[PDB]
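Worksheet: one structure, shown below.
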Number of protein chains: 2
Amino acid sequence: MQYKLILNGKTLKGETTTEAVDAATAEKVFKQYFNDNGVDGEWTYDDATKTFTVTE
Amino acid sequence: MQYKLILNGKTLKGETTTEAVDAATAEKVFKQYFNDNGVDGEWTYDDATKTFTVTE
(Lines give C-alpha, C1' and ligand atoms only; values in the text may rest on other atoms or scores of the structure.)
Protein backbone atom coordinates (compact mmCIF):
# COMPACT_ATOMS: atom_id res chain seq x y z
CA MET A 1 0.00 0.00 0.00
CA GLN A 2 1.14 3.60 -0.74
CA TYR A 3 1.73 5.93 2.29
CA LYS A 4 2.60 9.70 2.44
CA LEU A 5 4.54 12.19 4.70
CA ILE A 6 4.03 16.01 4.98
CA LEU A 7 6.98 18.00 6.42
CA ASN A 8 6.53 21.30 8.29
CA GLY A 9 9.65 23.11 9.59
CA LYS A 10 11.64 26.39 9.81
CA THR A 11 14.98 25.16 8.27
CA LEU A 12 13.15 22.98 5.66
CA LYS A 13 9.60 22.15 4.34
CA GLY A 14 8.37 19.35 1.95
CA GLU A 15 6.30 16.23 0.96
CA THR A 16 7.35 12.56 0.45
CA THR A 17 5.77 9.16 -0.48
CA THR A 18 6.67 5.41 0.00
CA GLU A 19 5.16 1.85 -0.29
CA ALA A 20 5.21 -0.45 2.76
CA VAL A 21 3.46 -3.58 4.11
CA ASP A 22 1.53 -1.46 6.71
CA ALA A 23 1.25 1.99 8.37
CA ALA A 24 3.86 1.06 11.06
CA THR A 25 6.44 0.02 8.37
CA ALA A 26 5.77 3.29 6.40
CA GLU A 27 6.02 5.15 9.78
CA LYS A 28 9.35 3.32 10.38
CA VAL A 29 10.68 4.34 6.86
CA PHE A 30 9.55 7.98 7.31
CA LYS A 31 11.13 8.07 10.82
CA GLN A 32 14.49 6.87 9.31
CA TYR A 33 14.74 10.08 7.16
CA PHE A 34 12.78 12.45 9.51
CA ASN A 35 13.73 12.06 13.25
CA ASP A 36 17.00 14.01 14.14
CA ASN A 37 18.39 15.85 11.05
CA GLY A 38 16.97 19.00 12.77
CA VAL A 39 13.11 18.66 12.62
CA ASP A 40 12.49 16.79 16.00
CA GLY A 41 8.75 17.65 15.45
CA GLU A 42 5.21 16.52 16.53
CA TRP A 43 3.74 13.60 14.51
CA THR A 44 0.05 13.26 13.37
CA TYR A 45 -1.67 10.60 11.11
CA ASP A 46 -4.92 10.32 9.01
CA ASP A 47 -5.74 6.69 8.04
CA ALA A 48 -8.60 7.71 5.66
CA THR A 49 -5.91 9.15 3.27
CA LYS A 50 -2.84 7.01 4.39
CA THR A 51 -0.98 10.26 5.31
CA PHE A 52 1.43 11.37 8.11
CA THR A 53 2.12 15.04 9.12
CA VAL A 54 5.31 16.26 10.94
CA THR A 55 5.41 19.77 12.53
CA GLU A 56 8.10 21.99 14.23
CA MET B 1 17.05 33.11 -1.26
CA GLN B 2 14.72 30.07 -1.72
CA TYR B 3 16.27 26.74 -2.93
CA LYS B 4 14.56 23.36 -3.74
CA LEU B 5 15.31 19.54 -3.72
CA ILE B 6 13.67 16.69 -5.78
CA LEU B 7 14.05 13.01 -4.63
CA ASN B 8 13.84 10.06 -7.09
CA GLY B 9 14.27 6.46 -5.82
CA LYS B 10 12.86 2.98 -4.98
CA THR B 11 12.40 3.33 -1.13
CA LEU B 12 11.28 7.03 -1.03
CA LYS B 13 10.16 9.73 -3.55
CA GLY B 14 9.42 13.44 -2.83
CA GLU B 15 10.17 17.21 -2.99
CA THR B 16 11.51 19.69 -0.36
CA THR B 17 12.42 23.43 -0.02
CA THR B 18 14.77 25.65 2.12
CA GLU B 19 15.94 29.34 2.47
CA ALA B 20 19.73 29.78 2.54
CA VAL B 21 22.49 32.37 2.03
CA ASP B 22 23.88 30.56 -1.12
CA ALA B 23 23.64 27.35 -3.18
CA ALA B 24 26.43 25.83 -0.99
CA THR B 25 24.40 26.33 2.28
CA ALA B 26 21.18 25.03 0.59
CA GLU B 27 23.25 22.03 -0.63
CA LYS B 28 24.57 21.64 2.96
CA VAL B 29 20.97 21.61 4.47
CA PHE B 30 19.74 19.17 1.79
CA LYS B 31 22.83 16.92 2.35
CA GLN B 32 22.11 16.95 6.16
CA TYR B 33 18.50 15.59 5.62
CA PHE B 34 19.41 13.46 2.52
CA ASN B 35 22.96 12.28 3.52
CA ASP B 36 22.36 8.54 2.63
CA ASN B 37 19.04 6.95 3.92
CA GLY B 38 20.01 3.93 1.71
CA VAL B 39 19.27 6.11 -1.43
CA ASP B 40 22.99 7.06 -1.99
CA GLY B 41 21.91 8.59 -5.35
CA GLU B 42 23.61 10.85 -7.96
CA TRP B 43 23.27 14.63 -7.30
CA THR B 44 22.43 17.31 -9.97
CA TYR B 45 21.73 21.13 -9.79
CA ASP B 46 20.04 23.73 -12.10
CA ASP B 47 20.76 27.36 -11.01
CA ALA B 48 18.25 28.92 -13.50
CA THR B 49 15.55 27.35 -11.24
CA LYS B 50 17.58 27.25 -7.90
CA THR B 51 16.76 23.48 -7.75
CA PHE B 52 18.72 20.29 -6.84
CA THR B 53 17.73 16.77 -8.06
CA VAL B 54 18.74 13.39 -6.50
CA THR B 55 18.29 10.07 -8.39
CA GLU B 56 19.00 6.31 -7.72
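In the C-alpha coordinates, the first chain shown is A, the next is B, and so on; residue numbers restart at 1 for each chain, and ligands run from 1 in the order shown.
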
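The residues of chain B lying at most 10 Å from chain A, with only C-alpha atoms taken into account, are residues 3, 4, 5, 6, 7, 9, 10, 11, 12, 13, 14, 15, 16, 17, 18, 19, 20, 26, 29, 30, 31, 32, 33, 34, 35, 36, 37 and 38 of chain B.
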
(request) Within 9 Å of stretch 42-48 of chain B, counting only C-alpha atoms, which residues show up once you throw out same-chain ones fewer than 5 positions away? Write them as a ChimeraX atom specification, please. (result) /B:5,23,53-56

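As for atom CA of residue A:24 and atom CA of residue B:40, they are spaced 23.9 Å apart.
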
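Looking only at chain A, the set that DSSP places in strand (DSSP E) from backbone geometry is residues 2, 3, 4, 5, 6, 7, 8, 13, 14, 15, 16, 17, 18, 19, 42, 43, 44, 45, 46, 51, 52, 53, 54 and 55 of chain A.
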
All alpha helix (DSSP H) residues (DSSP, backbone) inside stretch 6-44 of chain B, as a short mmCIF file (atom, residue, chain, number, x, y, z; two decimals) with N, CA, C and O atoms, in the first residue's frame:
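Here's the written file states.cif:
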```cif
data_model
loop_
_atom_site.label_atom_id
_atom_site.label_comp_id
_atom_site.auth_asym_id
_atom_site.auth_seq_id
_atom_site.Cartn_x
_atom_site.Cartn_y
_atom_site.Cartn_z
N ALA B 23 23.81 28.70 -2.65
CA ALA B 23 23.64 27.35 -3.18
C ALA B 23 24.46 26.30 -2.41
O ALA B 23 24.06 25.15 -2.31
N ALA B 24 25.59 26.69 -1.80
CA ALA B 24 26.43 25.83 -0.99
C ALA B 24 25.80 25.54 0.39
O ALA B 24 25.84 24.41 0.85
N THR B 25 25.16 26.53 1.03
CA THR B 25 24.40 26.33 2.28
C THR B 25 23.11 25.54 2.04
O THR B 25 22.82 24.60 2.77
N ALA B 26 22.35 25.84 0.98
CA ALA B 26 21.18 25.03 0.59
C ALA B 26 21.53 23.56 0.27
O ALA B 26 20.84 22.64 0.71
N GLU B 27 22.66 23.37 -0.42
CA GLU B 27 23.25 22.03 -0.63
C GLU B 27 23.67 21.39 0.69
O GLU B 27 23.43 20.20 0.89
N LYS B 28 24.21 22.16 1.63
CA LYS B 28 24.57 21.64 2.96
C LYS B 28 23.34 21.23 3.80
O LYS B 28 23.35 20.15 4.39
N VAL B 29 22.25 22.01 3.84
CA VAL B 29 20.97 21.61 4.47
C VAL B 29 20.40 20.35 3.81
O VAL B 29 20.14 19.35 4.49
N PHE B 30 20.26 20.35 2.49
CA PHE B 30 19.74 19.17 1.79
C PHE B 30 20.61 17.91 1.96
O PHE B 30 20.06 16.82 2.12
N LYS B 31 21.93 18.04 2.03
CA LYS B 31 22.83 16.92 2.35
C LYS B 31 22.80 16.49 3.83
O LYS B 31 23.18 15.36 4.14
N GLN B 32 22.36 17.34 4.76
CA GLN B 32 22.11 16.95 6.16
C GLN B 32 20.85 16.07 6.30
O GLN B 32 20.89 15.05 6.99
N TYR B 33 19.74 16.41 5.63
CA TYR B 33 18.50 15.59 5.62
C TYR B 33 18.65 14.31 4.75
O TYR B 33 18.22 13.22 5.14
#
```

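Straight-line separation from atom CA of residue B:2 to atom CA of residue B:52: 11.7 Å.
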